[PDB]
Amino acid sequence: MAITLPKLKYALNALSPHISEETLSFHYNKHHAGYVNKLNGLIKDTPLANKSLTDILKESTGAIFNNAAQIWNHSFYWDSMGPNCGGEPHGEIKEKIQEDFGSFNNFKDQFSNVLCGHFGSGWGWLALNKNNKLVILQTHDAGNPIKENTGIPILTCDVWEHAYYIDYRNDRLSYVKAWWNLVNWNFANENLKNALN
C-alpha cells in the first residue's frame, strides 16, 4: 500500500465562512497532497520505498521527515476541526481543560496567545504530557509533540501563513478567532480517551 492522502471527513466548503472552500482547496489539494507526492518521490528507489508512514516518521530525517511529518500534521489539523463544532468543550475534555487550566476561557486565551505569537511557520498543540496533564505546545515548521517526545497530541492548529493568507492575509488574529468556531471537541475526547488508556 502506497502512502496516500487521507480523505477529509467533510466537504471542502464545510468550514466556511471561518475557513473558505478556496483555502481548503489549496490547503488540502495542493499543500497536503504535495507533501504526500513529494515524500513518495523521495522514498522511491530507496530503502524506505516500501515503509509505512509510521515507520518513516520514526526512522527518517531531513526533507523525508519534513514531508512525512507535514502529512501527519495536516491530517491531524483536518481532524481537529469540523462543521457543527466549535463552541464550549463538552465531555471528558471539558473536565480536563477546566481542571488543568482552571477554566476553558483561560485555556482559550493562552492557546490563542501562543498561536498568534508564534514566529515563522509552525503549529500549536493541545497535548497530554507524561504526567497526564494537558499542556499547550508550539513547534516550528514540521515539528510535532510525537517526534519531540513532549506529549500526546489532542488538537492542533496550523499557523503556517498558507493556512490563512487567502482568507485573512496578514491578520492571523482573525483566523485564530475563526478557528475556535471549528474546533472538534469529539476528536479531542477520542484522542484523550486513547491517550489515557
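When you see a residue number, it is the position in the sequence shown, counting from 1.
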message = Tell me which stretch, 126 to 134 or 162 to 170, has the higher mean Cα B-factor listed in the entry.
response = 126 to 134
request  = Please place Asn186 in the lowest, middle or highest third of its chain by C-alpha B factor as given in the entry.
outcome  = middle
key: Relative C-alpha B-factor of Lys9, binned into the chain's lowest, middle or highest third   = highest
request  = Pull the Cα B-factor of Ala178 out of the PDB entry and bin it into the chain's lowest, middle or highest third.
outcome  = middle
inquiry  = Using the temperature factors of the C-alpha atoms in this entry, rank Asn37 within its chain: lowest, middle or highest third.
reply    = middle
query = Going by what the PDB entry lists, where does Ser20 fall on CA B-factor within its chain: lowest, middle or highest third?
reply = lowest
